[PDB]
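A quick write-up on the structure given underneath.
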Amino acid sequence: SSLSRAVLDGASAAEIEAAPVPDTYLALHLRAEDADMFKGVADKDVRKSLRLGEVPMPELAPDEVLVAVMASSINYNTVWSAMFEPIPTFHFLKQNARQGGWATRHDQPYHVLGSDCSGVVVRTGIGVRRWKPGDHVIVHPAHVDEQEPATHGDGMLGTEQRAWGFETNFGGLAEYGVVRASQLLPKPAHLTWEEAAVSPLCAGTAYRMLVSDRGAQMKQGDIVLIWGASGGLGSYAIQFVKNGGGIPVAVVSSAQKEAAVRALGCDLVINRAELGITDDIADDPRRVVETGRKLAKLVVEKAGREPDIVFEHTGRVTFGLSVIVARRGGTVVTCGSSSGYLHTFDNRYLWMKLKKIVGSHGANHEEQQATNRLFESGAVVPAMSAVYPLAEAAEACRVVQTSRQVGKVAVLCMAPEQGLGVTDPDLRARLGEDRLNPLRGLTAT
Amino acid sequence: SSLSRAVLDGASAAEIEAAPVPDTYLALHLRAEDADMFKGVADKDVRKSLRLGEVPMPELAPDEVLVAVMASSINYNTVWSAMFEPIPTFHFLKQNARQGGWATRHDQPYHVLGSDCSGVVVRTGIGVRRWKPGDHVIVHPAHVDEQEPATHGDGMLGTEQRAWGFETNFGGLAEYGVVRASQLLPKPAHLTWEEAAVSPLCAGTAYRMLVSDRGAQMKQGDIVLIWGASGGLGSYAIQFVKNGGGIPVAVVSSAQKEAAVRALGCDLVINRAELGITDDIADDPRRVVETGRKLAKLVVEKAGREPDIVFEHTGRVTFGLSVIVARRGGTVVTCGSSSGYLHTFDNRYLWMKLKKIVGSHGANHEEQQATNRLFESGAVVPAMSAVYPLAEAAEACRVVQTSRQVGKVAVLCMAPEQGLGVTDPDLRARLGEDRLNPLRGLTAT
Amino acid sequence: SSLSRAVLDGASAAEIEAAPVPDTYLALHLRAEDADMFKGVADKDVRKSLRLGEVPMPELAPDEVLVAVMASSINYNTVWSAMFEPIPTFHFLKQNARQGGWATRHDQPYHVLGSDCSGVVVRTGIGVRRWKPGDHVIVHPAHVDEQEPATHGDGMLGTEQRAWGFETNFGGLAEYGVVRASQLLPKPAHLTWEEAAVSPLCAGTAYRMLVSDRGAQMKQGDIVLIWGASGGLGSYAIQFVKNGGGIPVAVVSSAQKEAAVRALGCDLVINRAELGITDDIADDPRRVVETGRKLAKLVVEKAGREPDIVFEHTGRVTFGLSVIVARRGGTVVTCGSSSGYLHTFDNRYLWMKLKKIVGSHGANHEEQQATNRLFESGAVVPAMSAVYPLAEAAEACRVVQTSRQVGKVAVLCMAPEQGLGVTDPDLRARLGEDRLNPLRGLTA
Amino acid sequence: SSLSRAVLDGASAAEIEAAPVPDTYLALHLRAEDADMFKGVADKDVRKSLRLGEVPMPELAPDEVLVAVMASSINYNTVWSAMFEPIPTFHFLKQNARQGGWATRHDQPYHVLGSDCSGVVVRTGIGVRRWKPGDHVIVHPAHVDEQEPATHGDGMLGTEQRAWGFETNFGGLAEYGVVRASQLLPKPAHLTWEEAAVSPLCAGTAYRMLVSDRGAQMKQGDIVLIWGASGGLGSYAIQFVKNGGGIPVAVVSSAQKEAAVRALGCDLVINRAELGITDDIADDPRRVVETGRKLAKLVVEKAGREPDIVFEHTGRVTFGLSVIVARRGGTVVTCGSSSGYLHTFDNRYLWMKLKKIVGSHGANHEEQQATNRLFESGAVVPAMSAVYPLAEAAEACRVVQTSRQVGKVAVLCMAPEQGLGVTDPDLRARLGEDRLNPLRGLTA
Ligand SMILES: CCCCCCCC(=O)SCCNC(=O)CCNC(=O)[C@H](O)C(C)(C)COP(=O)(O)OP(=O)(O)OC[C@H]1O[C@@H](n2cnc3c(N)ncnc32)[C@H](O)[C@@H]1OP(=O)(O)O
Ligand SMILES: NC(=O)c1ccc[n+]([C@@H]2O[C@H](COP(=O)([O-])OP(=O)(O)OC[C@H]3O[C@@H](n4cnc5c(N)ncnc54)[C@H](OP(=O)(O)O)[C@@H]3O)[C@@H](O)[C@H]2O)c1
Ligand SMILES: NC(=O)c1ccc[n+]([C@@H]2O[C@H](COP(=O)([O-])OP(=O)(O)OC[C@H]3O[C@@H](n4cnc5c(N)ncnc54)[C@H](OP(=O)(O)O)[C@@H]3O)[C@@H](O)[C@H]2O)c1
Ligand SMILES: NC(=O)c1ccc[n+]([C@@H]2O[C@H](COP(=O)([O-])OP(=O)(O)OC[C@H]3O[C@@H](n4cnc5c(N)ncnc54)[C@H](OP(=O)(O)O)[C@@H]3O)[C@@H](O)[C@H]2O)c1
Ligand SMILES: NC(=O)c1ccc[n+]([C@@H]2O[C@H](COP(=O)([O-])OP(=O)(O)OC[C@H]3O[C@@H](n4cnc5c(N)ncnc54)[C@H](OP(=O)(O)O)[C@@H]3O)[C@@H](O)[C@H]2O)c1
């Protein structure tokens, strides 16, 4: 379109504003009628549910910004949505729309997925401040209600807090995304679109979990055991732990995943097999205890002490272990349950050793700015390992679904090719393209 | 006007929306032309600056709500405003307006003061959720930018955080107020307009300082020394301390003010003449130490220990004392400097005894809701001691200026008479009108 | 003995020092040779394992205080001790003793139980400061190693932190207790021995869980769901919640337990049976969710919102519910698992709603002082519901074992009768005997 | 003596035990009679007050450890005490002794100074655990009362918290030191005595101020403005800031002090002199504001934003600036007032911007362990810039008195030369001697 062309041409703020908004846009999406298609299905192949096609351009709310999405990423929630698990997102869209007003737009027979992105502002609602068409932005997933009192204590805490592209429509896996202005941050200038896009959700989430005073709040010298360490969350977890003067201990399930975490500077790596952790471990209290003890011993061996923080998200199969291995007074911080949300743990290890389990979710706008600042300095780098064109986003999603990736799989959206969007090439040169892409071309194959 | 009649008649939502917004409204305001009128003037009589007259109705921003203000209150900032101290509010209005967009409205040759209020929603911007015309609200003063990341960590912390009616125009000492939706809370139903109006600013502020995890965060058993205890802040500080299971020790300068704090159930009272505190004490390090020591001894006598938290706002005169008197590891929490902001203190007492000074300001929307909840249950009650019509708001202001009040001086705005706006009379009856007005009829003389 | 006679007669410090320490003392204790007596026994009747008789007086460590124990209390760990479950306490005693030095004394074939007490200092180790014979004290259970760096961040957090009389010997269900001076606090002067003795462990634990910045750290206005609310822990929880301007909502399993919590001024009460809780709800995730929702709904109806803090200790059966019922950003604070330590919960409710589970154990010396200060002002009162003489402490223990109690079962030790040890009768009279004993005579 | 010989020879624990404790030992000390010796003297030259000679070996308390002090360091309190400023330390010794019991020993007509050290345990009181003669230790200054409840919440917060060798006698600027066992941590093995010795007081203090949850509690990304940055405190502050992934901005008064901070990898430096700071700036409110603004801008230029934490200790001259420059919601953490304790600041800057001033002092045993762990891993290195023998400790003290130093001036005590005490040479070599001594030979 004239708008996409203007965006892609690096046209001026005024020219971008002057290019009309298309009536439809290309979006990776789910269809409400398919929400039952995986009933009984063992391998709920996201490529079967994901559609790519034109969806209606919605009306922009006054506090919203239309972003020409240059790139986005696959997040696990993209996978979960495409799997209609644990609940089809359409149920969330309907709950969202039940607020009425502007919220109603979310309830659509399609759901445009994508929960972070980088791109270019093309329109702002009349209540949007500062942002101008042409502005290079990243969008983080915290779609929150700033009228809620809770939001002003913690952006993540409001009852209306939602994840963009998951509990909201108009996500980032599309040529355009509709975001609340409080989802917007300036794109790190030295990064490409795809590099910038891969971070907000996972890095912000890891940031809240580990760095922010809203999570485990690591300090230098903390040993952080990081489960599923080579993945999206883990790839950032590692960096925050290292950057904060912590000692990460990566738990990975393969040599390739080990390679990935080492590329991120995590030299202390535990392979799940050297502990014979298998999925049925969670049903076996004694084995959990025995393996937790062994795991603790290993962490002690590698890092010098039991972990201060255990970075959880792998869920039920590891959670028992996590509770056990954390040092007395330690914190298990969890933001997920990939292996199952029904967690079982021995409470004696929690109360008797005064441990904490901190439930964490996404990151508020402040945490996301903090995260962004760490990218802006090059302290933290994108965990991008692969890039797919939007045309192949279902496959990108599948890759994540099948755990064939390390780090983050980026999806070019409107960006016609890789390597665009660097507006501070000197800084990029100073940090180094390689330093910025530790995971380039690595897989979990 | 038809709109004010509709509001006063308790009209339906539709009737209120159908009633046109007046082009102008009655407002207590200052005039930009008067900013220097107190140059080299000792007693800057607020009544010489305060104007009451029609001001233009501004256009409502999309995130704003037009409130038909039923009652408001004099706050000290109203006094500071009318004195053009320490800096004329017009400078703030201009700084505010420099943001552009909707902010430019704030820059006017008039400044409508008033930093809290209760009233009725009459219009909402297209970006406002949930509120509707007819809704009974209180407005608290935290006029914040919800797009700023900092806001999502703490609503008070954004660089665009302003105090309604002080760094913003369209304050509550008028028949209408323009507020951001995130300034709105449901008015405690059992309260009259004037009762509801007196609390948000002072109570929220005291709440942040003492109750909130963002201030000194009292716990039951804490002894809290409360300076200027019979005033707006102290009158709530006392209640939060008591309600928190803390032990308030009121410092007052007079028997009338002691009576005021006793009526709030603060039975540990220190008259500052009993200490021989005079305004020049601050210039005299030795006398501050001696007196601080006497003060500490007195708190020990009355409350059993040195205060855990010193509730400051009286400023330079008391601050050195506040630092000395606080227990080891204690917190001086301060939100003001009525006696002068150039604080001097002996840092030995601060670092050697590992004390903290917590600067606090207003309250974020979360804290304000928490505050409101305590009013809602009747745990905390309005500190209203006097009510003036808007016609006499200048005098009301002068009263506070001349420290002739205890608690809070309410100002009826649109409310034509006292006692209106109780929409939960049963609750009111249960709590008791007298419990709700401990300070009724009390003065500082 | 002349020492016990000196203590009971309120003799001077000099006189107490001149009265020799007896070589043995009367103690409720277990014998290591009984550790196996309940193998294959379903009802591990504590009256069968608990012995009362003379045990050797140990040599006082330099940082220790010999307390003539006027009164103690039954604690849940006392029961578990007497059941030798899940591990005979002797395992903990030997583990303690493996530290060597003074710790070796704890490794004995007898274990004097008792994890709190009130009494009179009779001897101090040469490294004890300030405490003197004749001093009226309470003992709290935090037997900690003050050389450990962790102890100086949080007394509860050292690896050598132990529960007095559970992982240490010379507990307070005896006429004498051997404590570290960092277990000692001045006895609230207006309380009788038994009243003062019932509180340290449970009140301190509840304090840490709810009031302290080491626990959930309630604020006024917080709604606190209190599981097992009529018990030792619950009876103090209710009171700290109330005292701190919180809104307690007690969960109790019966009418009698409801009566107990209301006696403590907890007017919001949910009955567990009301809601169908059995030991297999935990195993039914859909039931936990549906029952949690109902519980949440019931709290919203009662308190106006979902609980800000859930005070857990009941364990597996309620824990899944706890995680569900807590508000967004809410805290489940847990110090035990009465119904089973294998907790199952739906982590979606934890992470998606940014809730926290805070594990808490005991209370450090600071928290215990803060707890004690709340007893000293009368802001919080003892939860004493019953008093047994030491002779009948096995019965008292069986009562707790069989959940026949509410609040705290006190045990007179050296105190020859109830009602002694009040040294501030004026404050006692001011507060009110009944005020101080809201649970007097109540049972489950 | 046979003891010192046994220690320098690395004798077995049993050998160290068999060697008698001398009745006296070599100590850098003050004499009570001299307390008045600088009445009307403007330059209170510490070389005139500091004595080096034999002092009586005190009797060890049960919780105490006698350390063969190998190396110590000059601290500013050493200087202050040698000046008898602001109060002669003897006053604190008498206050300390007023506790009675073991505290009485501290009231002597001599005061042995030295507030940190590295050395070899040679005797332990009967209540001391774990430590054994021969053990290589560092001593940190937190001489605290572990019976005080406060200590169990924070070792620094007890009423009886004292600075070893300042408010206690038997400090470390001597061949032996008497320390409570809760002052002891294992000496980082890869360090020499003097390297190990220079850190505990300054690094632990900086740690508490910056890293600990008891201070400003920096996180990565934080910009930390560090006043007096080349000094003892600053030298560690810079390192904790960098190590925590923070961004330090040093303020130094000179090109040399700048060289020092850059040696510690502080890239961003603001010269104080350029800003115009004089001891009457604080007295000029307008100047403080304009100067604070230029400072803020300087920080913004260098680091990208106003500082998140202002690391204070320079006191009254800088403090008003500190309050001004700190970001909105930022923290000024202060542990001293070198330029004067009468601080003046514009409170509008504090409350209106919701800033905090956190008073900090020393570091509890936990923070000191944590600090020690960062030395153990090599994450933080000693700030030793100079070494004096104990013979020359007065001069070392004078060097610090006259701000001629950068980092930490170490004093060898029983160590007969530099370079001794490395018991993990492999780690030493991996880290690097130069790495471990960034300030070697530097001055101000
Ligand atoms: C949600 C919060 C609720 C708050 C509830 C209630 C709060 C209270 O009651 S607090 C009491 C209100 N009183 C106060 O003193 C707060 C007023 N604010 C201030 O003093 C300042 O903004 C302060 C100190 C916080 C920060 O100042 P700072 O960031 O350095 O600059 P700024 O705000 O622009 O103020 C100084 C500028 O004002 C201008 N100014 C100063 N005096 C005057 C004057 N007489 N006329 C015109 N302009 C003036 C000048 O341009 C000056 O700049 P310069 O340095 O060249 O002289
Ligand atoms: N804000 C939030 O609450 C938030 C944010 C991001 C992610 N999450 C949740 O956190 C989890 C991880 O997300 P992510 O982006 O890091 O995903 P990811 O890139 O796929 O990485 C997950 C890592 O965990 C392990 N893993 C992968 N699939 C798993 C499975 N099905 N079961 C158990 N372990 C598995 C793998 O490591 P090993 O093979 O080494 O075990 C993988 O490297 C997901 O469930 C996600 O939905 C939550
Ligand atoms: N959010 C904030 O930062 C915030 C919010 C509210 C108020 N404040 C500031 O807090 C201060 C008190 O506000 P308030 O509403 O409590 O005012 P108030 O109702 O007038 O009460 C102030 C009390 O302080 C003492 N006092 C009065 N005038 C004083 C003066 N000129 N100098 C020193 N002490 C004086 C009086 O007690 P004695 O006569 O017993 O000493 C009076 O009771 C003001 O400076 C206000 O601007 C700040
Ligand atoms: N420092 C610590 O970590 C610490 C300190 C004190 C206690 N605790 C633990 O906290 C729990 C409560 O002890 P506390 O003295 O209150 O004991 P308690 O006096 O017996 O009170 C426990 C309450 O919880 C319920 N309960 C009792 N037995 C139960 C069971 N087997 N399963 C489920 N619920 C049960 C009962 O309430 P209703 O039947 O409604 O439910 C009872 O009133 C125990 O696990 C104890 O070991 C831990
Ligand atoms: N635990 C505690 O409370 C604790 C612990 C250690 C130290 N302290 C206090 O912290 C302060 C610094 O001690 P530290 O060993 O860094 O001392 P230091 O090695 O002398 O370093 C002090 C730095 O502060 C500056 N300075 C020195 N004298 C000054 C003065 N009179 N006025 C203003 N600035 C001055 C110098 O920096 P230049 O670049 O600025 O001008 C010097 O490099 C002392 O007052 C000490 O008593 C307190």
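Just so we're on the same page: first chain in the structure tokens is A, next is B, and so on; residues restart at 1 for each chain, and ligands are numbered from 1 in the order they show up.
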Could you list, as a list in words, all the residues within 6 Å of ligand 5, counting only C-alpha atoms and all ligand atoms?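 Listed by chain and ascending number, the contacts are residues 75, 76, 77, 202, 205, 228, 229, 230, 231, 232, 233, 234, 251, 252, 253, 257, 313, 314, 335, 336, 337, 338, 339, 361, 362, 400, 403 and 407 of chain D.
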Would you output that residue set with N, CA, C and O atoms, as an mmCIF file, in the first residue's frame?
```cif
data_model
loop_
_atom_site.group_PDB
_atom_site.id
_atom_site.type_symbol
_atom_site.label_atom_id
_atom_site.label_comp_id
_atom_site.auth_asym_id
_atom_site.auth_seq_id
_atom_site.Cartn_x
_atom_site.Cartn_y
_atom_site.Cartn_z
ATOM 1 N N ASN D 75 41.596 3.082 58.181
ATOM 2 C CA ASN D 75 40.255 3.519 57.838
ATOM 3 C C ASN D 75 40.067 4.950 58.251
ATOM 4 O O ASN D 75 40.843 5.442 59.051
ATOM 5 N N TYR D 76 39.072 5.649 57.718
ATOM 6 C CA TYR D 76 38.917 7.019 58.171
ATOM 7 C C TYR D 76 38.599 7.095 59.659
ATOM 8 O O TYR D 76 39.048 8.013 60.321
ATOM 9 N N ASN D 77 37.865 6.126 60.205
ATOM 10 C CA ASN D 77 37.629 6.155 61.652
ATOM 11 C C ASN D 77 38.931 6.042 62.448
ATOM 12 O O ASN D 77 39.066 6.632 63.508
ATOM 13 N N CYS D 202 35.585 -1.079 54.335
ATOM 14 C CA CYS D 202 35.144 -0.268 53.224
ATOM 15 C C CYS D 202 34.246 -1.001 52.227
ATOM 16 O O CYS D 202 33.230 -0.455 51.815
ATOM 17 N N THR D 205 30.886 -1.929 53.761
ATOM 18 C CA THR D 205 30.068 -0.711 53.859
ATOM 19 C C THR D 205 29.492 -0.321 52.502
ATOM 20 O O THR D 205 28.290 -0.049 52.392
ATOM 21 N N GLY D 228 33.571 11.142 46.175
ATOM 22 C CA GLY D 228 34.846 10.735 46.796
ATOM 23 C C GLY D 228 35.255 9.365 46.306
ATOM 24 O O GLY D 228 35.635 8.481 47.088
ATOM 25 N N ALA D 229 35.191 9.194 45.000
ATOM 26 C CA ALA D 229 35.187 7.859 44.402
ATOM 27 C C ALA D 229 36.521 7.112 44.439
ATOM 28 O O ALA D 229 36.529 5.891 44.344
ATOM 29 N N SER D 230 37.638 7.830 44.560
ATOM 30 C CA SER D 230 38.939 7.167 44.560
ATOM 31 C C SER D 230 39.321 6.612 45.921
ATOM 32 O O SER D 230 40.305 5.874 46.034
ATOM 33 N N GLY D 231 38.568 6.997 46.951
ATOM 34 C CA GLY D 231 38.878 6.616 48.340
ATOM 35 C C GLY D 231 38.580 5.156 48.643
ATOM 36 O O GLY D 231 38.281 4.388 47.751
ATOM 37 N N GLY D 232 38.662 4.774 49.912
ATOM 38 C CA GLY D 232 38.358 3.396 50.332
ATOM 39 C C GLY D 232 36.972 2.940 49.935
ATOM 40 O O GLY D 232 36.808 1.891 49.316
ATOM 41 N N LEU D 233 35.962 3.728 50.300
ATOM 42 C CA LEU D 233 34.580 3.407 50.004
ATOM 43 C C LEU D 233 34.364 3.373 48.512
ATOM 44 O O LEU D 233 33.834 2.395 47.962
ATOM 45 N N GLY D 234 34.767 4.469 47.882
ATOM 46 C CA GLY D 234 34.518 4.674 46.483
ATOM 47 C C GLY D 234 35.109 3.546 45.676
ATOM 48 O O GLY D 234 34.509 3.091 44.707
ATOM 49 N N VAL D 251 32.865 10.852 41.073
ATOM 50 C CA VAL D 251 33.239 12.241 41.268
ATOM 51 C C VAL D 251 34.524 12.236 42.071
ATOM 52 O O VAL D 251 34.600 11.625 43.145
ATOM 53 N N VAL D 252 35.543 12.879 41.518
ATOM 54 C CA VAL D 252 36.850 12.976 42.148
ATOM 55 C C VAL D 252 37.259 14.441 42.093
ATOM 56 O O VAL D 252 36.748 15.199 41.267
ATOM 57 N N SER D 253 38.196 14.825 42.956
ATOM 58 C CA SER D 253 38.607 16.224 43.081
ATOM 59 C C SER D 253 39.864 16.533 42.287
ATOM 60 O O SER D 253 40.285 17.674 42.232
ATOM 61 N N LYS D 257 43.073 11.314 41.379
ATOM 62 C CA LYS D 257 41.972 10.547 41.931
ATOM 63 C C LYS D 257 41.141 9.990 40.789
ATOM 64 O O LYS D 257 40.545 8.913 40.905
ATOM 65 N N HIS D 313 28.914 10.224 51.243
ATOM 66 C CA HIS D 313 29.731 10.039 52.433
ATOM 67 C C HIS D 313 30.584 11.285 52.591
ATOM 68 O O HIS D 313 31.180 11.508 53.644
ATOM 69 N N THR D 314 30.649 12.082 51.530
ATOM 70 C CA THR D 314 31.469 13.291 51.514
ATOM 71 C C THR D 314 30.796 14.349 52.362
ATOM 72 O O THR D 314 31.435 15.286 52.849
ATOM 73 N N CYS D 335 26.795 7.048 54.215
ATOM 74 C CA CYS D 335 27.374 6.342 55.349
ATOM 75 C C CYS D 335 28.385 7.208 56.038
ATOM 76 O O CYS D 335 29.199 6.713 56.805
ATOM 77 N N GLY D 336 28.361 8.505 55.764
ATOM 78 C CA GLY D 336 29.301 9.395 56.425
ATOM 79 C C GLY D 336 29.114 10.829 56.006
ATOM 80 O O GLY D 336 28.266 11.132 55.157
ATOM 81 N N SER D 337 29.920 11.704 56.599
ATOM 82 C CA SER D 337 29.863 13.125 56.310
ATOM 83 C C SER D 337 31.240 13.753 56.438
ATOM 84 O O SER D 337 31.425 14.614 57.283
ATOM 85 N N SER D 338 32.198 13.314 55.620
ATOM 86 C CA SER D 338 33.592 13.800 55.686
ATOM 87 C C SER D 338 33.753 15.322 55.743
ATOM 88 O O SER D 338 34.549 15.851 56.528
ATOM 89 N N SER D 339 33.001 16.030 54.906
ATOM 90 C CA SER D 339 33.064 17.495 54.887
ATOM 91 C C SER D 339 32.161 18.148 55.934
ATOM 92 O O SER D 339 32.042 19.371 55.965
ATOM 93 N N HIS D 361 25.466 2.193 57.475
ATOM 94 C CA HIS D 361 26.615 2.143 58.336
ATOM 95 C C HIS D 361 27.065 0.712 58.358
ATOM 96 O O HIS D 361 26.258 -0.194 58.565
ATOM 97 N N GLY D 362 28.353 0.523 58.102
ATOM 98 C CA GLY D 362 28.986 -0.786 58.146
ATOM 99 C C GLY D 362 28.266 -1.782 57.277
ATOM 100 O O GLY D 362 27.828 -1.460 56.181
ATOM 101 N N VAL D 400 46.247 9.117 55.100
ATOM 102 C CA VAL D 400 44.807 9.148 54.984
ATOM 103 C C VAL D 400 44.243 10.433 55.573
ATOM 104 O O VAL D 400 43.349 11.043 54.976
ATOM 105 N N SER D 403 44.475 13.056 53.061
ATOM 106 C CA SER D 403 43.925 12.655 51.745
ATOM 107 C C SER D 403 44.980 12.510 50.656
ATOM 108 O O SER D 403 44.760 12.901 49.502
ATOM 109 N N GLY D 407 42.160 4.687 47.132
ATOM 110 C CA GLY D 407 41.877 3.344 47.639
ATOM 111 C C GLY D 407 42.210 3.157 49.112
ATOM 112 O O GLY D 407 41.904 4.009 49.965
#
```
Q: May I have the residues within 12 Å of residue 107 of chain A as a ChimeraX atom specification, using only C-alpha atoms and disregarding those fewer than 2 positions away in the same chain?
A: /A:31-32,58,89-105,109-112,166-170
Which residues are close to residue 349 of chain D, i.e. within 9 Å by only C-alpha atoms, leaving aside same-chain residues fewer than 3 positions away? Reply as a PDB file with N, CA, C and O atoms, in the first residue's frame.
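See result_12.pdb below for the written result:
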```pdb
ATOM      1  N   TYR B 341      11.767  24.744  53.304  1.00  0.00           N
ATOM      2  CA  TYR B 341      12.284  23.517  52.690  1.00  0.00           C
ATOM      3  C   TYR B 341      13.794  23.314  52.780  1.00  0.00           C
ATOM      4  O   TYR B 341      14.299  22.280  52.361  1.00  0.00           O
ATOM      5  N   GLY B 359      11.269  10.604  51.069  1.00  0.00           N
ATOM      6  CA  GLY B 359      10.550  11.716  50.478  1.00  0.00           C
ATOM      7  C   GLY B 359       9.311  11.094  49.887  1.00  0.00           C
ATOM      8  O   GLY B 359       9.390  10.065  49.223  1.00  0.00           O
TER       9      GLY B 359
ATOM     10  N   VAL D 323      20.979  15.241  46.844  1.00  0.00           N
ATOM     11  CA  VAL D 323      19.512  15.229  46.863  1.00  0.00           C
ATOM     12  C   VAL D 323      18.951  15.767  45.541  1.00  0.00           C
ATOM     13  O   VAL D 323      17.970  15.239  45.018  1.00  0.00           O
ATOM     14  N   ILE D 324      19.606  16.788  44.986  1.00  0.00           N
ATOM     15  CA  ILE D 324      19.175  17.386  43.723  1.00  0.00           C
ATOM     16  C   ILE D 324      19.389  16.461  42.511  1.00  0.00           C
ATOM     17  O   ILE D 324      18.470  16.295  41.692  1.00  0.00           O
ATOM     18  N   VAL D 325      20.564  15.838  42.416  1.00  0.00           N
ATOM     19  CA  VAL D 325      20.920  15.114  41.186  1.00  0.00           C
ATOM     20  C   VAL D 325      20.242  13.770  41.038  1.00  0.00           C
ATOM     21  O   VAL D 325      19.992  13.340  39.916  1.00  0.00           O
ATOM     22  N   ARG D 328      14.319  11.281  40.051  1.00  0.00           N
ATOM     23  CA  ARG D 328      13.021  11.082  40.601  1.00  0.00           C
ATOM     24  C   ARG D 328      12.868   9.651  41.129  1.00  0.00           C
ATOM     25  O   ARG D 328      13.022   8.653  40.389  1.00  0.00           O
ATOM     26  N   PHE D 345      19.772  20.471  52.802  1.00  0.00           N
ATOM     27  CA  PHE D 345      19.242  20.167  51.495  1.00  0.00           C
ATOM     28  C   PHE D 345      17.885  20.801  51.324  1.00  0.00           C
ATOM     29  O   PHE D 345      17.221  21.147  52.298  1.00  0.00           O
ATOM     30  N   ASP D 346      17.501  20.970  50.070  1.00  0.00           N
ATOM     31  CA  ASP D 346      16.212  21.507  49.711  1.00  0.00           C
ATOM     32  C   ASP D 346      15.219  20.346  49.664  1.00  0.00           C
ATOM     33  O   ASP D 346      15.243  19.511  48.740  1.00  0.00           O
ATOM     34  N   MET D 352       9.209  16.100  46.602  1.00  0.00           N
ATOM     35  CA  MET D 352       8.463  16.341  45.360  1.00  0.00           C
ATOM     36  C   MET D 352       8.831  15.301  44.328  1.00  0.00           C
ATOM     37  O   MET D 352       8.027  14.958  43.476  1.00  0.00           O
ATOM     38  N   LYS D 353      10.049  14.793  44.425  1.00  0.00           N
ATOM     39  CA  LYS D 353      10.545  13.818  43.444  1.00  0.00           C
ATOM     40  C   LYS D 353      10.630  12.418  44.034  1.00  0.00           C
ATOM     41  O   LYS D 353      11.192  11.497  43.433  1.00  0.00           O
ATOM     42  N   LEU D 354       9.978  12.271  45.186  1.00  0.00           N
ATOM     43  CA  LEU D 354       9.910  11.024  45.917  1.00  0.00           C
ATOM     44  C   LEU D 354      11.263  10.351  46.055  1.00  0.00           C
ATOM     45  O   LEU D 354      11.378   9.134  45.852  1.00  0.00           O
ATOM     46  N   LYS D 355      12.279  11.124  46.430  1.00  0.00           N
ATOM     47  CA  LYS D 355      13.587  10.537  46.611  1.00  0.00           C
ATOM     48  C   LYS D 355      13.740  10.048  48.040  1.00  0.00           C
ATOM     49  O   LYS D 355      12.936  10.366  48.898  1.00  0.00           O
TER      50      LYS D 355
END
```
Exercise for review: Show me which bits of chain D are within 6 Å of chain C, counting only C-alpha atoms, as a PyMOL selection string.
Suggested key: chain D and resi 62+127+146-147+149-155+182+365-366
